[PDB]
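For the protein sequence lines, the chains are B and A, in the order given. Residue numbering for the first sequence follows PDB author numbering, starting at 1 and increasing by one per position. Residue numbering for the second sequence follows PDB author numbering, starting at 1 and increasing by one per position. Where is the CB? At the ideal position from N, CA and C, for every residue including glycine.
2 protein chains.
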Amino acid sequence: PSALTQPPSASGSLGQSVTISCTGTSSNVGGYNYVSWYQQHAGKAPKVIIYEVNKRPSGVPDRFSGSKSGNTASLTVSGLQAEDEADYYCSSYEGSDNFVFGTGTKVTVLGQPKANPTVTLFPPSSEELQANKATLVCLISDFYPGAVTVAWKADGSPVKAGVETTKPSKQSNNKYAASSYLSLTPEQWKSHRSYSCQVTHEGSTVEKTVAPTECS
Amino acid sequence: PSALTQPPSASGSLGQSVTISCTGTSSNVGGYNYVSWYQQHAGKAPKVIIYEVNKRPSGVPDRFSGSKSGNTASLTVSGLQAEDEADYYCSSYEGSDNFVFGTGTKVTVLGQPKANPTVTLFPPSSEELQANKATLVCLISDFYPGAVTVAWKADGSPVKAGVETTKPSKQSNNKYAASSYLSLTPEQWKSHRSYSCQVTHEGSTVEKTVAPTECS
């Protein structure tokens, strides 16, 4: 194979603390003291938090600290934050210039406060209306947990043609941001009296409306 | 870290040669010659495929070869295989406590025709400004492969803070859609001349600007 063993998952609670194991052999983890850990957020480059077993680089916080016993290396993340929620990989030297990587470890931070979303309807731009198009956008942001459902309505009558909805995605503050768009003709933008973007998060429903009347 | 810039998406069909670039910003980059390449299949851990610019680690075939220009490093996959599909990162320097990783290139084996994105930038609506809110939206649509890089500039200067970008979500027509929003103050919004959203995708770069208007 050549892969270090790490628990598939490890939950904690804000202000709580975690400990992720990483087990190798006497050839790799047990052989040298070149055990480093990687923090990778869904969709980003990996970031080195630990290197050389228990050495924290430039900027890594202090609630990240690692240690090694025999064949297993471990990383303690205390006073869990919201942003510690990522995938954590461990890796070890194994000679001949080579590196072996651990399976990943996904750490989930429990008890994060709920936040209903902030919806934002944007009528078609002048610019795009000038090219003969009209797409309306529904920006749904700062919501937690991360699951919404959106619906469109032209004049309180429902719309299923040509609506495209994005999957939530964590922001700089571990809240989600999704966006639904509805594309149409400069001609339909105009014929309806209203278009609203309806959004349900955790049972509360927020619904915004935009009219082909504005000055914007 | 002195950022390592990597194109967003890189593609071809089976049998073609795909080169990825890696351009440092500093004194060679992150600072010099110890640039390695990692391949991250989907959902698994990183893997070292090239180290010390063009050395191959062993269990690593011949089709991967590495080189370095001045400030630019290049990985080349020749006669692309289905299994070559994954994310690809560059990294620079062990020497220290700061090991910077590149931005990641996403190798795709063309499952359909390539589609440069459709960028649509929207100014903050009349309502939302009437609310002391100011939010720009930049809709990116119908692109394939599904990886793009978004930059924002306020009066030619790149906007640092307040930008959130989504994750390319498959649409119903099988192409992707993404979006970033800049969060401002009627204050900030109104103070600049023009605001720009630039999106890169596979050697195609679009850029759209909006200017504060008013009415009132």
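Only counting the same chain, and skipping five residues up and downstream in sequence, which positions put a Cβ closer than 6 Å to that of A:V210? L121, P123, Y195
Shortest alpha-carbon distance to A:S169 belongs to which of A:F101, A:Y93, A:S141, A:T205? Here the closest residue by C-alpha is A:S141.
Output the boundary residues of the beta strand (DSSP E) element that contains B:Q40. 35-40
Who are the Cβ neighbours of B:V48 in its own chain at under 7 Å, not counting the five residues just before and after it? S36, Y38, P57
Since A:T76 and A:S65 should fall inside the 8 Å C-beta cutoff, what is the C-beta to C-beta distance between them, to a whole number of angstroms? 5 Å
Please determine, among B:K190, B:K167, B:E187, B:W189, the residue with the shortest C-alpha to C-alpha distance to B:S180. Nearest option by C-alpha distance: B:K167.
Residues that DSSP places opposite A:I49 in a beta bridge: Per DSSP, none; premise fails for A:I49.
Assuming B:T135 and B:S191 are in contact, meaning their beta carbons sit under 8 Å apart, how far apart are those beta carbons, in whole angstroms? About 16 Å separates the two Cβ atoms, so there is no contact after all.
Please confirm if B:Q171 has its CB atom under 8 Å from at least one CB of chain A. yes
Using a 10 Å radius around the Cβ and a threshold of 16 neighbouring Cβ atoms, would you call B:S157 buried or exposed? Within a 10 Å sphere around the beta-carbon of B:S157 sit fewer than 16 other beta-carbons, which makes this residue exposed.
Taking any Cβ of chain A, which residues in the segment 128-155 of chain B have a Cβ under 8 Å from it, in chain order? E128, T135, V137, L139, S141
By the criterion of Cβ-Cβ separation under 7 Å, what are the contact partners of B:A177 in chain A? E164, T166
Closest by CA to B:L14, which one among B:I20, B:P117, B:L110? For B:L14, the closest C-alpha among the options B:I20, B:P117, B:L110 is that of B:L110.
Of the residues A:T149, A:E202, A:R63, the one placed nearest A:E83, counting alpha carbons only: A:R63
On the criterion of 16 or more Cβ atoms from any shown chain inside 10 Å, does B:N28 qualify as buried, or is it exposed? buried
Report the residue from B:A178, B:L129, B:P46 whose alpha carbon sits nearest the alpha carbon of residue 258 of chain B. Given that chain B is displayed from residue 1 to residue 216, the structure contains no residue 258 of chain B and the question cannot be resolved.
Ordered list of beta strand (DSSP E) runs contained in the segment 88-151 of chain B, each at least 3 residues: 99-102, 105-107, 118-122, 134-143
Can you give the beta carbon distance from A:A86 to A:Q16, rounded, assuming they're within the 8 Å contact cut? That belief does not hold up - the Cβ atoms of A:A86 and A:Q16 are roughly 16 Å apart, past 8 Å.
Relative to the C-alpha of B:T149, which residue among B:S21, B:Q6, B:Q198 is closest? Of B:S21, B:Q6, B:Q198, the residue nearest in Cα terms is B:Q198.
Tell me where the beta strand (DSSP E) around A:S69 begins and ends. Looking at the DSSP string, A:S69 is not in any beta strand (DSSP E), and its letter there is neither H nor E.
Compute the beta-carbon to beta-carbon distance between A:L139 and B:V137, rounded to the nearest angstrom, for a pair I have assumed lies under 8 Å. With 8 Å as the limit, A:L139 and B:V137 qualify as a contact, their Cβ atoms being about 6 Å apart.
Note down, in chain order, each residue of its chain lying with its Cβ closer than 7 Å to the Cβ of A:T185, except the 5 sequence neighbours on either side. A134
For the segment 86-99 of chain A, which residues have a beta carbon sitting closer than 8 Å to at least one beta carbon of chain B? If the cut-off is 8 Å between Cβ atoms, the segment 86-99 of chain A has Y89, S96, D97, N98, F99 near chain B.
Check the Cβ of B:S125 against every Cβ in chain A and list those closer than 9 Å, keeping chain order. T120, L121, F122, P123, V210
For the segment 39-55 of chain A, enumerate the residues whose C-beta is nearer than 9 Å to any C-beta of chain B, in chain order. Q40, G43, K44, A45, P46, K47, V48, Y51, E52, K55
Under 7 Å between beta-carbons, which chain A residues line up against B:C215? List them in chain order, please. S126, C215
What is the rounded straight-line gap between the Cα of B:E128 and the Cα of B:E214? 16 Å
By DSSP's criteria, B:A177 is part of a beta bridge. Which residues make up the other side? B:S141
Alpha carbon to alpha carbon, how far is A:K175 from A:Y144? Give it in angstroms, no decimals. Taking the straight line from one Cα to the other gives about 5 Å.
Leaving aside the five residues before and after B:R193 along the sequence, list all residues of the same chain whose C-beta is less than 7 Å from its C-beta, in chain order. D155, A211, listed in sequence order.
Residue range of the alpha helix (DSSP H) that B:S27 falls in? No residue range can be given for B:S27, since it is assigned to no alpha helix (DSSP H) and is classified by DSSP as neither H nor E.
I want to see whether chain A comes within less than 8 Å of B:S58, judged by CB atoms only; does it? yes
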